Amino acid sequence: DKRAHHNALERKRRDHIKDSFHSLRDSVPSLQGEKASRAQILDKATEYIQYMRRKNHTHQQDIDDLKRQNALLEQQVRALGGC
C-alpha cells in the first residue's frame, strides 16, 4: 500500500530532477540543441559559469575605464569655452 505510493513519490521526485537538468541544459549556449549526459551538463555548466564571471568582470573593467575617461573630459569641457 504505502510501498507503491512511496515508489510513485520517488519517481515523481526524479522526474522533477530530469526537468531541472533540461532547464539547466537550455541555459548553456554550448549545450543548446545538443546531446549530453548529466555529467557533461553539470561540468559544462560549471565551466561556463567561471568563463562568464571572468567575461563580465572584463566588461566592467572596460566600463570603469571609459568612466574615468568621460569624467576627465567633463573636467576639460568645464574649464574651457570663451575664456
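Between two forms, the rigid core is the largest collection of C-alphas that superpose within 1.5 Å. For every residue, the number given is its place in the sequence shown, counted from 1.
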property	result
Stretch with larger C-alpha RMS deviation in 7 other deposited structures of this protein, core superposed, 40-48 versus 27-35	27-35
59-67 versus 7-15 - greater average Cα B-factor per the deposited record	59-67
Stretch with the greater mean C-alpha B-factor as recorded in the entry, comparing 68-76 against 21-29	68-76
B-factor third for the C-alpha atom of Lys35 within its chain	middle
